[PDB]
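These notes concern the structure reproduced below.
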Ligand SMILES: Nc1noc2ccc(C(F)(F)F)cc12
Ligand SMILES: [Cl-]
Ligand SMILES: [Cl-]
Ligand SMILES: [Cl-]
Ligand SMILES: [Cl-]
Ligand SMILES: [Cl-]
Ligand SMILES: [Mg+2]
């Protein structure tokens, strides 16, 4: 057991191992209550997260367990991973607080004149991380520029696992939190799956090529009209797959529109980039390109290496369908804290 020391940060008393020094508040609070520090064991600048009220309700206790399970699983160069997890508690009986440690992320994609070569390398890395995530049967659901960390060498990592489900108010109006969402999830058309993430990668790729948001809708309905003007209105085959009779009836009220010519929308872009966008931005999610297929596309010929695009160990999420009491979720979380083994 390390020695812990106390200090007052972000309105509470933080208690952390002596290895973590020079603690200083950082960020807007998007990922929780976070301090920057220097880790004397590894030599890395790190982010230290103190969870607020981890076990206050069944909802919060299960949320805390989910975040810790996901972060413990992810071991890939293009995905956020866990450097450490700790508690000052000496037993289950006194366990109340959880602290998570990751690499400190400076800039996101938002923060960064991009050459076609820059767009190839950034989208290649998102797809390499997504092939890994999808091989574990994990769906990200919230890929957007603010969730992509990027360094001076253009190296990228994917963020945002096991945080609170976004609220209806958070998805309302002229907001970046909705602009990257697949239409079948934005409007609850059907049971969605991992294909929603490939729609998001198409929206990000288009914005790196043009410098402009692809679908900056003022509300859900304005955004749907911008999407159907580009990719066309649904045919009989997709309309059958829309489970909601009410959503099917609204779609049928709109005048039919053909798919647009993407060479006339993305004027001057690499023709191989135009071809890949056509295969990501397909309205029927069954017909979209997969991450594994997209890595083998000719746009990435300079970076693609089939012997260095790894898959994940299997990920058991049977807990997601389990009903437990607060103290049961708290005991599962405690076991995951004390069993943690750090990376080499
Ligand atoms: N659950 C997470 N997804 O992405 C993250 C980035 C940082 C942190 C941190 F450092 F605050 F713990 C947590 C997460
Ligand atoms: Cl220590
Ligand atoms: Cl990392
Ligand atoms: Cl504690
Ligand atoms: Cl964003
Ligand atoms: Cl597992
Ligand atoms: Mg998110």
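Numbering (the entry's author numbering), first residue to last: 5 to 116, 121 to 352. Virtual Cβ for every residue (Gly too), placed ideally from N, Cα, C.
*Which one of 258, 148, 190 and 153 has the shortest CA to CA distance from residue 173?*
Mapped onto the chain shown, residue 173 falls at position 165. Minimum Cα distance to residue 173 is reached at 148.
*asked:* Assuming contact is defined by CB atoms lying nearer than 7 Å, are residue 210 and residue 288 in contact in what I supplied?
replied: The residue labelled residue 210 in the question sits at position 202 within the chain shown. The residue labelled residue 288 in the question sits at position 280 within the chain shown. The answer is yes: Cβ separation under 7 Å.
*Determine the closest residue to residue 6 out of 115, 90, 72 and 34, with distance taken between C-alpha atoms.*
The residue labelled residue 6 in the question sits at position 2 within the chain shown. Of the candidates 115, 90, 72 and 34, the residue whose Cα lies closest to the Cα of residue 6 is 90.
*asked:* Give the list of continuous alpha helix (DSSP H) stretches no shorter than 4 residues that lie fully inside the stretch 234 to 309.
replied: Fully enclosed alpha helix (DSSP H) runs of 4 or longer: 244 to 249, 253 to 260, 270 to 273, 279 to 288 and 299 to 303.
*asked:* Taking the beta carbon of residue 115 as the centre, do at least 16 other beta carbons fall within 10 Å, making it buried, or is it exposed?
replied: On the chain shown, residue 115 is found 111 positions in, with the first residue counted as 1. By the beta-carbon neighbour count (other beta carbons within 10 angstroms, threshold 16), residue 115 is exposed.
*Sorted by chain position, which residues of the same chain lie with C-beta nearer than 6 Å to residue 111's C-beta, five sequence neighbours on each side aside?*
Taking the chain shown and counting its residues from 1, one reaches residue 111 at position 107. Answer for residue 111: 158, listed in chain order.
*Identify the residues that DSSP records as bridge partners of residue 112: which are they?*
Residue 112 sits at position 108 when you count from the first residue of the chain shown. Beta-bridge pairing links residue 112 to 157.
_According to DSSP, simplified to helix, strand and coil, what is residue 231?_
One-based indexing of the chain shown puts residue 231 at position 223. Three-state DSSP puts residue 231 in a helix.
*Would you call residue 150 buried or exposed, if buried means 16 or more other Cβ atoms sit within 10 Å of its Cβ?*
Within the chain shown, the letter at position 142 stands for residue 150. With 16 or more other Cβ atoms from the protein chains shown falling within 10 Å of its own Cβ, residue 150 counts as buried.
*Consult DSSP for residue 211 and reduce its assignment to one of helix, strand or coil.*
Taking the chain shown and counting its residues from 1, the one referred to as residue 211 is at position 203. Residue 211: helix per DSSP, three-state reduction.
*asked:* Are the CB atoms of residue 29 and residue 8 within a distance shorter than 7 Å?
replied: The sequence position of residue 8 within the chain shown is 4, counting from 1. The sequence position of residue 29 within the chain shown is 25, counting from 1. Going by beta carbons, residue 8 and residue 29 fall outside the 7 Å limit.
*asked:* Alpha carbons only, please: which of 351, 106, 165 and 342 is nearest the one belonging to residue 66?
replied: Taking the first residue of the chain shown as position 1, residue 66 is located at position 62. Among 351, 106, 165 and 342, the Cα nearest to that of residue 66 is on 342.
*Under 7 Å between the Cβ atoms of residue 254 and residue 192?*
For this step, residue 254 is matched to residue 246 along the chain shown. For this step, residue 192 is matched to residue 184 along the chain shown. For residue 254 and residue 192, no; Cβs fall outside 7 Å.
_Does residue 124 come out as helix, strand or coil in the three-state DSSP assignment?_
Here residue 124 refers to the residue found at position 116 of the chain shown. It is helical.
*On the DSSP bridge assignment, give the partners of residue 118 in chain order.*
Position 116 is followed directly by 121 in the chain, which means residue 118 is not present among the coordinates.
*asked:* Less than 7 Å between the C-beta atoms of residue 142 and residue 202, yes or no?
replied: Residue 142 sits at position 134 when you count from the first residue of the chain shown. Residue 202 sits at position 194 when you count from the first residue of the chain shown. Taking C-beta atoms as the reference points, residue 142 and residue 202 count as a pair closer than 7 Å.
*Assigned exposure category for residue 196 - 16 Cβ within 10 Å defines buried*: On the chain shown, residue 196 is found 188 positions in, with the first residue counted as 1. By the C-beta density criterion, residue 196 is exposed, having fewer than 16 other C-beta atoms within 10 angstroms.
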